[PDB]
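Structure, as structure tokens:
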Amino acid sequence: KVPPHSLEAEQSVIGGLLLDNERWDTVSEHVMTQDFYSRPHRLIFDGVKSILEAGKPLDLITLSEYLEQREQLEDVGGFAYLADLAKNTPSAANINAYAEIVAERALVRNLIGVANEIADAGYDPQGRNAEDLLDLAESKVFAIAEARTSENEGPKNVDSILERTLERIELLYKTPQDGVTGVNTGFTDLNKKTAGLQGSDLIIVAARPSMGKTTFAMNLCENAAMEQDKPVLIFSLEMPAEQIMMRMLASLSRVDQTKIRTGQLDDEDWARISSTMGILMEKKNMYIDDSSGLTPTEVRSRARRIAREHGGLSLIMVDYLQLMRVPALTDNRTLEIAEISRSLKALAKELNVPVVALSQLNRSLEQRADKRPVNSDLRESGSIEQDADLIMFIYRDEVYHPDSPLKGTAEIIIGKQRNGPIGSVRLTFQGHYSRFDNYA
Amino acid sequence: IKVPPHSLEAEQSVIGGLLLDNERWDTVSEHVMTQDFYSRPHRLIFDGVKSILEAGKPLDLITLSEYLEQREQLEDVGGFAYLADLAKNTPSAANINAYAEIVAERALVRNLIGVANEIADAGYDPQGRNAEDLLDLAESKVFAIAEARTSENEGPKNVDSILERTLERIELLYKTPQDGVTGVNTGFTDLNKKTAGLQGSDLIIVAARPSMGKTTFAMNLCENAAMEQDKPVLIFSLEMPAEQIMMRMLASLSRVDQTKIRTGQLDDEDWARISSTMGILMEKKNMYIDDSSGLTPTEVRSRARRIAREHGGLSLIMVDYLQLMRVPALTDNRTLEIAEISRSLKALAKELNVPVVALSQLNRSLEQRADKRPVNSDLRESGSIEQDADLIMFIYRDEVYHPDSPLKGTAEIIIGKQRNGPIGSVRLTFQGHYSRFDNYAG
Amino acid sequence: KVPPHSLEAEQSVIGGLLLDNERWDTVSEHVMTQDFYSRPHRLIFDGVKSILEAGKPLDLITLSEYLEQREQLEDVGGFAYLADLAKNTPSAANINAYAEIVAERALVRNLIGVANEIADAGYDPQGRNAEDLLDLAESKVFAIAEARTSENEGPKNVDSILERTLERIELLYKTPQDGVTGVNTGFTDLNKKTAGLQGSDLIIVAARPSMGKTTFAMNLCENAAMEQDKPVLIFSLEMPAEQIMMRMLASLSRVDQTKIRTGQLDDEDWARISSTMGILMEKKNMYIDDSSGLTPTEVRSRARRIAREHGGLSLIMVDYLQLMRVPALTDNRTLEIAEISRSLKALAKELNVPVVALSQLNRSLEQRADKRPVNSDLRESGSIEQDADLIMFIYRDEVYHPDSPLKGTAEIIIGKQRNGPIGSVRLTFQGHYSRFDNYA
Amino acid sequence: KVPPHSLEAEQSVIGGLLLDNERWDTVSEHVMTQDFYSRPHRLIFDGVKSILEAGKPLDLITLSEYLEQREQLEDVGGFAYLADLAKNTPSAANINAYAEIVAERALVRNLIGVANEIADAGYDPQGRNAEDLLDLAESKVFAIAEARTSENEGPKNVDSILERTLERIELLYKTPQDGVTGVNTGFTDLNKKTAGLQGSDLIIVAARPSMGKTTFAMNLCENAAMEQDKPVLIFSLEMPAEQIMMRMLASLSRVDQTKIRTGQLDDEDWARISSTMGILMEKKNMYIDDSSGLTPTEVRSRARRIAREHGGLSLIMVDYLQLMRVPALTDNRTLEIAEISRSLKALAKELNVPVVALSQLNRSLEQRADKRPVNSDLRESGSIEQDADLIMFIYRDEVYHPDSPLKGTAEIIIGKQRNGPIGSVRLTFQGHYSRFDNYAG
Ligand SMILES: Nc1nc2c(ncn2[C@@H]2O[C@H](COP(=O)(O)OP(=O)(O)O)[C@@H](O)[C@H]2O)c(=O)[nH]1
Ligand SMILES: Nc1nc2c(ncn2[C@@H]2O[C@H](COP(=O)(O)OP(=O)(O)O)[C@@H](O)[C@H]2O)c(=O)[nH]1
Ligand SMILES: Nc1nc2c(ncn2[C@@H]2O[C@H](COP(=O)(O)OP(=O)(O)O)[C@@H](O)[C@H]2O)c(=O)[nH]1
Ligand SMILES: Nc1nc2c(ncn2[C@@H]2O[C@H](COP(=O)(O)OP(=O)(O)O)[C@@H](O)[C@H]2O)c(=O)[nH]1
Ligand code: ALF
Ligand code: ALF
Ligand code: ALF
Ligand code: ALF
Ligand SMILES: [Mg+2]
Ligand SMILES: [Mg+2]
Ligand SMILES: [Mg+2]
Ligand SMILES: [Mg+2]
């Protein structure tokens with residue numbers, strides 16, 4: 001069987017670039033040295049990539065001298081190969097189209113290389129289980145799909161920006177806003193600044209330990225399961241599915257958590273518990289995943305399952321970003337968090353649903369004396385701010401100071417917002433029932 | 001030529017062990033089906049098993065033989081000799097659920113190779129299919145195996161399964177007379193009101209400044225834990241030996257000063273209280289002390305599993321010092337050493353479903369702070385503890401910092417963190433002589 | 001010659017563990033993967049160690065699948081080897097006895113491997129001298145004796161603890177204590193907390209440079225040579241035997257060191273010097289080793305010599321723990337200090353005599369502003385606190401502050417004590433005569 | 001396999017002892033009859049041990065008659081073996097070194113004999129268990145370590161120490177001390193606390209840059225070359241030999257450095273310069289090494305050279321401890337300084353002369369506001385305090401404060417002293433002539 005490649009297409013990219021150097025700006029955007037099939041073609045392009053990047057003029061002799069010094073000239077096929085290359089394809093402007101068909105053959109070749117990697121790992125497991133082999137197969141397949149999206153990105157001209165900016169103002173003015181657009185948060189004061197939990201964008205809710213990360217995230221999921229028709233998916237890594245349910249019953253029935261974990265509660269308290277269960281089983285939107293160490297592959301497979309089974313998802317939530325692990329970057333922690341954050345943003349776009357990830361801030365804010373959470377304390381964990389579209393921090397002054405002003409009232413300080421503006425929203429926190437309500 | 005992923009012994013173990021015990025079919029049918037079996041004779045035999053056991057009819061060597069004989073599949077599977085040797089092989093029970101998992105394991109990999117070969121053959125032979133078209137065809141076929149995979153224990157749960165499990169917990173709690181205590185009794189009535197007992201499977205950290213009474217308060221919990229709870233208590237003494245712990249134990253229960261014990265001088269009246277202590281101690285024999293200097297997170301797990309398997313199961317695990325514990329891999333990085341030790345202790349608590357009481361020390365930052373009231377920030381300097389912990393309680397005695405401080409001889413256990421319940425402060429009278437923590441009245 | 005091994009004993013351990021999984025708790029305590037002779041037996045046990053550790057059931061097929069995936073099944077001897085293993089030895093409970101005889105053959109095999117290592121190094125030295133070859137032979141022999149003691153340690157039931165605790169209290173109440181138990185320190189205020197320098201336990205005296213580490217250690221040895229009948233051994237690494245003697249004469253005669261090193265002293269001063277020599281030569285308990293760089297093997301050999309020659313030792317003292325060196329762990333300093341501290345504790349138990357080691361604290365305490373020595377400043381040097389049974393620090397406030405309160409009075413702050421309690425003892429320091437006396 | 005032995009080494013011990021009988025006193029201390037490999041060599045030495053012990057003269061015929069009577073002469077190899085033995089190795093004094101290598105081969109031979117004993121007992125246990133075989137192996141190994149009595153490093157009883165200590169005090173009481181003991185510093189106020197620059201101990205003079213580290217060190221060397229008869233060695237790393245000489249001429253002639261570097265000075269100033277040169281060339285004790293980056297090996301080799309050439313040294317001085325480098329620990333700076341400090345202390349003991357090393361303190365004292373040098377500021381550079389026997393810091397208040405009290409007077413604060421006490425000595429500093437003189441008032 002012959003591998004998918006086109007020798008004429010590889011010759012057309014280099015052959016037409018020797019005559020016109022100006023086309024390199026758009027040609028380099030589509031292909032690289034790795035995309036070329038044969039070894040002499042890879043060696044020739046490796047010189048092209050170096051000469052044209054510096055801004056130096058590229059021709060038949062300038063490229064020949066780069067190969068002659070490295071003694072690759074007699075290896076590629078002498079000067080006769082370079083001479084026949086300039087002679088062939090004297091066409092211009094269509095070089096961008098020639099670069100697309102080189103990337104086309106290379107992508108299929110990379111896909112077969114991954115398909116054979118899965119097959120060889122299947123017959124020869126060497127300790128690898130069915131669960132381990134499933135993650136290895138999907139992670140390698142996603143690498144081709146991830147590389148296919150990193151291309152064509154870069155800076156933007158005013159034409160594309162103005163059209164996108166004016167359309168945003170027009171649609172906002174047209175619709176009767178009332179804050180809500182997309183997914184309802186449940187808080188009127190928050191909806192004014194947030195403009196609802198937008199689809200396909202990554203949301204990170206970060207706070208100091210025992211501030212109420214899981215509490216506030218669940219408080220969003222209470223209203224997300226009630227308001228939105230489509231189901232809500234929750235990945236509980238830290239605490240089990242049972243503990244989440246006790247906090248859920250307390251938030252909706254509005255009866256203290258201490259009464260639930262002990263079991264002692266009167267007939268009056270039981271009536272509020274009874275009313276909660278009824279509304280919960282009418283929609284059945286809530287789904288909890290009580291898994292200790294999830295992989296970015298396992299999150300994708302389980303999200304696709306519920307979306308295919310129940311029409312489609314509405315909101316995905318993660319109990320802990322740090323508790324998630326990647327098998328490839330286990331050694332490097334900085335790259336582990338960077339890839340997990342990159343995988344969660346790509347999962348949001350894949351399903352067009354808001355992803356609410358919970359992350360913890362470094363001890364730097366406690367030493368800082370100000371103790372008001374800043375984005376810099378979260379950068380110490382890994383690359384989160386770059387991938388995130390909306391970052392909101394939970395800060396309760398009653399934690400640091402005993403008789404602090406507005407005791408029992410927390411302020412959700414919005415540290416980052418790509419879509420809208422940044423600020424701070426005060427919400428009354430009821431510790432007993434683990435509820436976040438609108439402050440008046 | 002490559003051999004497909006299958007195990008003939010694993011396929012034989014599922015059927016072979018199910019012929020003797022019919023009751024196991026309830027959990028075995030949950031993992032595998034007729035399609036999961038590799039060879040044709042194995043598929044024909046299981047197809048009969050699936051039909052006989054579903055009706056509730058007894059399954060044996062002849063009942064299964066008659067199902068095959070009527071369909072003329074008996075001479076095709078390998079006669080009665082194949083069925084006879086199947087019942088003879090693997091006379092083991094209960095591990096049939098584990099045998100069903102490895103049959104599904106080989107079948108899933110076999111399905112994955114079938115998809116991997118489908119992608120490879122479509123790659124070389126596109127027939128109109130473009131790179132974009134081939135990418136969608138490859139991912140959709142791979143996702144079909146991940147969608148069909150319905151692993152129970154780890155994976156998604158619908159509200160129906162969760163609500164039923166949650167409501168059964170509240171029902172059993174409302175039925176039984178709670179009296180505040182839920183799980184493990186601390187021994188202090190004022191503490192039990194806020195703590196709601198030492199909950200199972202959650203991580204508890206008792207942190208204080210040196211010589212405040214970390215080992216003293218932890219042992220004071222273990223005095224009542226060995227008396228109240230029927231299941232044994234495990235203690236890992238890293239700092240001080242097993243002998244020193246016992247002298248503090250005898251002083252706490254007999255209520256005779258430690259200074260009398262270490263010198264040996266005590267009257268007949270003092271000896272009578274010592275005598276009464278030993279009697280109750282040897283009636284239950286719940287106390288277990290590990291006098292090891294530098295324990296590893298692997299050594300803690302192995303020793304905890306031993307006592308749990310030998311004495312039915314544990315009730316409470318205690319560590320004398322979190323900082324004295326060491327990890328061989330992260331010896332160079334101290335921040336990662338403490339982070340992994342704290343992560344290992346929480347995972348050990350969940351593994352045995354028992355409260356783990358770890359003792360940690362706070363940084364000198366609180367002494368410079370002038371307030372000297374312990375805060376969680378002083379413990380974060382040691383490593384990642386607050387993130388893993390479920391309950392953090394600090395020991396603060398005002399008589400240490402100030403000589404004639406108000407409520408002298410009374411310490412306040414300030415609860416810095418509680419994931420399950422609320423946070424506060426509980427005052428308990430501290431008797432330094434006998435190394436006892438008792439309930440304060442007033 | 002056939003190596004010491006038993007194939008039936010190796011087969012009996014695995015063969016009886018396949019049927020009864022519950023026995024692994026006590027079997028794993030005696031043997032490991034390294035103890036098995038043949039390669040197929042090592043591969044089979046390596047699977048047993050992994051499956052039973054997780055808690056997963058161990059049988060004929062579960063173990064076969066672990067080998068089949070790693071392609072070790074056809075290498076160990078097919079399924080027929082595993083089948084005949086389960087058939088053989090159907091006995092239970094005696095598996096713990098089978099594990100002991102596997103460790104027995106393996107220990108002798110390791111001893112021969114060390115015996116051949118010494119013999120081959122003898123004929124082929126390659127730069128190694130007689131002194132170098134002696135240290136290499138003893139260090140390798142001690143490694144087998146050290147591994148023989150690390151086993152069978154683990155958790156303890158109340159039965160073993162109570163019997164050991166009650167025997168300690170009974171013997172203490174029986175004997176007329178008078179504070180002192182074991183070796184007399186010479187200080188009445190110190191003896192109350194220390195309860196004498198206990199036998200077989202490791203003692204570390206740590207302080208900041210020029211605080212009086214050598215001064216206080218010698219002040220203990222003054223009284224140790226006078227009170228105790230058995231001789232005292234001192235390893236002087238930093239200063240020579242002559243300098244130690246001048247400090248010794250000054251401490252007992254009570255005449256300033258400055259008079260001795262200059263030689264100018266009157267008839268009244270000479271009479272006190274004369275009285276010192278008389279008592280010194282009556283017992284002759286003092287022994288000084290003026291060696292620059294001692295090895296843990298050299299310390300053991302020289303300690304055994306004096307103990308065998310003079311009935312037995314009473315107290316061993318080291319001038320500097322950091323000045324001692326190990327030839328194997330020369331590159332890694334953290335492991336060098338860790339092994340030296342581990343060797344000194346094992347030497348104390350071997351001779352049942354208190355070992356007084358002198359160590360220096362890191363500069364961290366000077367930057368700390370408090371300047372009161374803590375155990376954390378000593379951990380920076382290496383693993384000392386874990387091995388040590390008693391740690392006492394020397395802190396003189398007159399060093400840091402000129403007109404400090406209680407000038408000429410040092411406080412011996414006990415940082416660690418495994419046997420008894422921790423505190424602080426004030427002793428009057430006389431810099432002139434290099435004496436530590438009881439403060440009143 | 002050939003057993004560890006040296007026939008030439010066995011021949012060298014006896015061969016060189018036949019000519020010089022006086023060496024037996026130190027040769028018998030290292031080896032015995034058992035240490036000799038071959039049987040004829042053992043028989044010959046057995047006679048040597050008996051004849052020389054009585055005090056009888058040992059030669060070719062006296063030893064031959066001892067063997068001839070016992071009929072061992074024809075067994076050892078006739079008189080021809082004894083004749084060729086006296087002919088071979090006509091060297092003397094190195095016989096003690098030949099005895100050490102005979103004991104070296106014998107100890108390894110005994111170790112192999114024990115190693116083979118363990119191996120043979122391992123394969124053939126005959127009732128012996130693993131616990132029994134472990135005790136048998138260790139007890140036999142310890143027997144070689146117990147028999148090993150290495151002199152130079154081994155244990156010393158109080159009898160040998162007291163006799164050596166009392167002889168030191170006796171010689172010191174006999175000679176007129178006058179406070180100064182060892183090397184004269186030149187300062188009367190300093191000599192009272194320091195008790196002279198003691199031999200074989202390491203001295204570190206540390207101060208903040210431009211305080212006068214090189215100035216004070218040279219001020220010690222001015223008096224060290226004048227008072228002490230034995231030469232003084234100086235390793236100038238920072239500045240060259242010429243710059244050191246201009247500071248030297250200024251200190252003794254007592255004429256400002258600014259006049260010397262410009263060259264302008266009157267006949268009155270030249271007369272003081274003239275008097276300096278005269279006294280300098282009368283003793284010629286000063287030696288300067290203008291090398292940029294010296295290694296601890298290069299310092300040892302150059303110190304041994306001057307000591308062997310000029311009878312022996314008196315004081316070794318280093319311009320900069322930090323400027324010195326080690327080729328092995330080039331990457332790790334903390335270990336570089338630690339080994340350099342350890343090498344300089346071992347060099348001091350090797351030559352029994354005070355080593356004056358100059359080191360710089362960290363910027364921590366400037367931030368501290370007190371600015372009075374403490375030992376903690378020097379620990380940041382490396383491991384110096386642990387190796388050092390005497391540390392003295394230079395602190396001038398006129399540097400930090402313009403009109404500071406006692407302007408032109410520096411205080412040498414003694415931070416460490418293992419031998420004597422710690423304090424502070426005030427000395428008047430004359431910046432012009434780069435002189436440190438005794439302060440009065
Ligand atoms: N008053 C009260 N507070 C509670 C109760 N249960 C939990 N809390 C508080 O609710 C918060 C829970 O925060 P959580 O989300 O689990 O922590 P995080 O995810 O680390 O930020 C903590 O501040 C607890 O003190 C309860 O029963 N009563
Ligand atoms: N009055 C008195 N106090 C004692 C006695 N024994 C111990 N203590 C005190 O009890 C406390 C023991 O604390 P400990 O748990 O060992 O220290 P930690 O683990 O570092 O906090 C200290 O405050 C001691 O002063 C005794 O016999 N009498
Ligand atoms: N007053 C006085 N102090 C002295 C004399 N000799 C030594 N010292 C002091 O005694 C101490 C000796 O400490 P040393 O044990 O050698 O140092 P370390 O081992 O590094 O702690 C130092 O503080 C010296 O200053 C002396 O003759 N007079
Ligand atoms: N007044 C005056 N001071 C001088 C003269 N030459 C040098 N000095 C001072 O003498 C000192 C020399 O110190 P030096 O030992 O070289 O520096 P260090 O080794 O870094 O401490 C400095 O404080 C200079 O300012 C001079 O001609 N006149
Ligand atoms: F302490 Al948490 F999520 F409960 F960081
Ligand atoms: F001082 Al402690 F446990 F006894 F920290
Ligand atoms: F300075 Al030292 F022992 F004399 F550390
Ligand atoms: F500045 Al310098 F020696 F001259 F440190
Ligand atoms: Mg959480
Ligand atoms: Mg403790
Ligand atoms: Mg010392
Ligand atoms: Mg200088």
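Letters A, B, ... go to the chains of the structure tokens in the order shown; residues in each chain start at 1; ligands are counted from 1 in the same order.
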Residues within 12 Å of ligand 9, counting only C-alpha atoms and all ligand atoms, as JSON, numbers by chain:
{"A": [205, 206, 207, 208, 209, 210, 211, 212, 213, 214, 215, 216, 217, 218, 235, 236, 237, 238, 239, 240, 243, 244, 247, 317, 318, 319, 320, 321, 322, 323, 357, 358, 359, 360], "B": [386, 387, 388, 389, 390, 418, 419, 420]}
Give me, as CSV, each residue of chain C that comes within 6 Å of chain D, together with its shortest interatomic pair and the distance in Å at one decimal, counting only C-alpha atoms, with rows ordered by chain and rising residue number.
residue,atom,partner,partner_atom,distance
C:104,CA,D:130,CA,5.5
C:108,CA,D:130,CA,5.8
C:112,CA,D:119,CA,5.3
C:115,CA,D:115,CA,5.0
C:119,CA,D:112,CA,5.2
C:130,CA,D:104,CA,5.3
C:242,CA,D:165,CA,5.8
C:263,CA,D:172,CA,4.4
C:264,CA,D:173,CA,5.3
C:287,CA,D:157,CA,5.2
C:288,CA,D:156,CA,5.5
C:289,CA,D:155,CA,4.7
C:291,CA,D:153,CA,5.1
C:301,CA,D:145,CA,5.6
C:305,CA,D:146,CA,5.6
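From CA of residue 167 in chain D back to CA of residue 267 in chain C, the distance works out to 17.2 Å.
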May I ask you to write as an mmCIF file with N, CA, C and O atoms, in the first residue's frame all residues lying at most 6 Å from ligand 6, with only C-alpha atoms and all ligand atoms counted?
data_model
loop_
_atom_site.group_PDB
_atom_site.id
_atom_site.type_symbol
_atom_site.label_atom_id
_atom_site.label_comp_id
_atom_site.auth_asym_id
_atom_site.auth_seq_id
_atom_site.Cartn_x
_atom_site.Cartn_y
_atom_site.Cartn_z
ATOM 1 N N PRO B 210 4.206 24.442 68.689
ATOM 2 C CA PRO B 210 4.879 23.428 69.531
ATOM 3 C C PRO B 210 4.611 23.553 71.034
ATOM 4 O O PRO B 210 4.522 24.666 71.556
ATOM 5 N N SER B 211 4.448 22.392 71.710
ATOM 6 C CA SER B 211 4.161 22.223 73.144
ATOM 7 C C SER B 211 2.786 22.793 73.574
ATOM 8 O O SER B 211 2.582 23.086 74.758
ATOM 9 N N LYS B 214 -0.701 19.001 70.897
ATOM 10 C CA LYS B 214 -1.123 18.321 69.665
ATOM 11 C C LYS B 214 -1.298 16.832 69.958
ATOM 12 O O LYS B 214 -2.393 16.303 69.779
#
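In this model, the gap between atom 25 (O, counted along the ligand's line) of ligand 4 and CA of residue 435 in chain D comes to 12.1 Å.
Selection of all polymer residues within 6 Å of ligand 4 on the basis of only C-alpha atoms and all ligand atoms gives residues 209, 210, 211, 212, 213, 214, 215, 256, 257, 258, 431, 432 and 434 of chain D.
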Expected selection as a PyMOL selection string for ligand 2 within 9 Å, only C-alpha atoms and all ligand atoms
(chain B and resi 207-219+239-240+248+257-262+320-321+359-361+395+400+431-436) or (chain C and resi 421-423)
Written file, previous selection with N, CA and C atoms, as a short mmCIF file (atom, residue, chain, number, x, y, z; two decimals), in the first residue's frame:
data_model
loop_
_atom_site.label_atom_id
_atom_site.label_comp_id
_atom_site.auth_asym_id
_atom_site.auth_seq_id
_atom_site.Cartn_x
_atom_site.Cartn_y
_atom_site.Cartn_z
N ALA B 207 -3.96 20.94 64.17
CA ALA B 207 -2.75 21.75 64.12
C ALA B 207 -2.63 22.75 65.26
N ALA B 208 -1.41 22.89 65.82
CA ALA B 208 -1.10 23.82 66.91
C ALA B 208 0.40 24.14 66.98
N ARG B 209 0.75 25.22 67.70
CA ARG B 209 2.12 25.70 67.94
C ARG B 209 2.86 24.64 68.81
N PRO B 210 4.21 24.44 68.69
CA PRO B 210 4.88 23.43 69.53
C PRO B 210 4.61 23.55 71.03
N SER B 211 4.45 22.39 71.71
CA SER B 211 4.16 22.22 73.14
C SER B 211 2.79 22.79 73.57
N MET B 212 1.83 22.91 72.62
CA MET B 212 0.47 23.38 72.89
C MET B 212 -0.41 22.23 73.36
N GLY B 213 -0.13 21.03 72.86
CA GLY B 213 -0.87 19.82 73.20
C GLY B 213 -1.48 19.12 72.00
N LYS B 214 -0.70 19.00 70.90
CA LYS B 214 -1.12 18.32 69.67
C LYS B 214 -1.30 16.83 69.96
N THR B 215 -0.23 16.18 70.47
CA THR B 215 -0.20 14.77 70.85
C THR B 215 -1.16 14.52 72.03
N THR B 216 -1.25 15.49 72.96
CA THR B 216 -2.12 15.44 74.14
C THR B 216 -3.60 15.38 73.74
N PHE B 217 -4.06 16.31 72.89
CA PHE B 217 -5.45 16.36 72.42
C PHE B 217 -5.81 15.18 71.51
N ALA B 218 -4.87 14.77 70.63
CA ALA B 218 -5.06 13.63 69.72
C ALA B 218 -5.23 12.34 70.50
N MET B 219 -4.44 12.15 71.58
CA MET B 219 -4.55 10.99 72.45
C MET B 219 -5.83 11.03 73.26
N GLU B 239 7.19 10.92 66.46
CA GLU B 239 8.01 11.75 67.33
C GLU B 239 8.48 11.02 68.59
N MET B 240 7.53 10.59 69.44
CA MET B 240 7.80 9.89 70.70
C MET B 240 7.55 8.37 70.60
N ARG B 248 1.32 8.68 79.16
CA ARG B 248 0.38 9.79 78.97
C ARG B 248 -1.05 9.24 78.98
N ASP B 257 -1.10 12.69 87.99
CA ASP B 257 -0.06 13.48 87.31
C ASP B 257 1.07 12.66 86.68
N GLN B 258 1.49 13.06 85.46
CA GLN B 258 2.55 12.43 84.66
C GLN B 258 3.88 12.35 85.41
N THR B 259 4.18 13.39 86.22
CA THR B 259 5.40 13.51 87.03
C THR B 259 5.53 12.37 88.06
N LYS B 260 4.39 11.85 88.57
CA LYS B 260 4.37 10.73 89.51
C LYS B 260 4.72 9.41 88.80
N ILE B 261 4.27 9.27 87.53
CA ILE B 261 4.48 8.08 86.69
C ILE B 261 5.95 7.95 86.24
N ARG B 262 6.54 9.02 85.66
CA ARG B 262 7.93 9.00 85.18
C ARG B 262 8.97 8.86 86.30
N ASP B 320 1.00 10.94 64.58
CA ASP B 320 1.66 11.83 65.55
C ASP B 320 2.28 13.07 64.92
N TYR B 321 2.77 12.95 63.67
CA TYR B 321 3.39 14.05 62.93
C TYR B 321 3.33 13.84 61.42
N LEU B 359 -1.64 15.06 62.65
CA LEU B 359 -1.12 16.17 63.44
C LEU B 359 -0.08 16.94 62.62
N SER B 360 -0.29 18.25 62.46
CA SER B 360 0.60 19.13 61.71
C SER B 360 0.99 20.36 62.54
N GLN B 361 2.14 20.98 62.24
CA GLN B 361 2.60 22.16 62.96
C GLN B 361 2.49 23.42 62.12
N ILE B 395 -5.55 24.20 68.39
CA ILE B 395 -5.47 24.27 69.85
C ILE B 395 -4.81 25.60 70.24
N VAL B 400 -0.35 30.24 77.73
CA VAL B 400 0.98 30.01 77.15
C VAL B 400 1.63 31.37 76.83
N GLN B 431 -6.13 19.95 81.83
CA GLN B 431 -5.43 19.55 83.04
C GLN B 431 -4.04 19.03 82.65
N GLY B 432 -3.06 19.93 82.71
CA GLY B 432 -1.67 19.68 82.35
C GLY B 432 -0.99 18.54 83.07
N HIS B 433 -1.29 18.38 84.37
CA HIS B 433 -0.73 17.34 85.25
C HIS B 433 -0.98 15.93 84.70
N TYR B 434 -2.27 15.58 84.50
CA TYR B 434 -2.71 14.28 84.02
C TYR B 434 -2.80 14.19 82.49
N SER B 435 -2.49 15.31 81.78
CA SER B 435 -2.56 15.45 80.31
C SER B 435 -3.97 15.09 79.80
N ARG B 436 -4.99 15.73 80.40
CA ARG B 436 -6.40 15.51 80.12
C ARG B 436 -7.11 16.76 79.59
N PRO C 421 11.12 14.30 78.89
CA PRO C 421 10.53 15.54 78.38
C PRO C 421 11.54 16.54 77.81
N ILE C 422 11.03 17.66 77.25
CA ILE C 422 11.85 18.73 76.67
C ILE C 422 11.73 20.03 77.48
N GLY C 423 12.82 20.78 77.57
CA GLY C 423 12.87 22.04 78.30
C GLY C 423 14.12 22.87 78.06
#
Can you pull out every residue within 12 Å of residue 22 in chain C, counting only C-alpha atoms, but drop anything in the same chain fewer than 4 positions away, and send it as a ChimeraX atom specification?
/B:305-306,308-310 /C:16-18,26-28,52-53,55-58,92-93,95-96
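Residues in contact range of residue 297 in chain B, defined as at most 10 Å between only C-alpha atoms, with sequence neighbours fewer than 2 positions away removed, read residues 295, 299, 300, 301, 302, 325, 326, 327, 328, 340, 341, 342, 343, 344, 345 and 348 of chain B.
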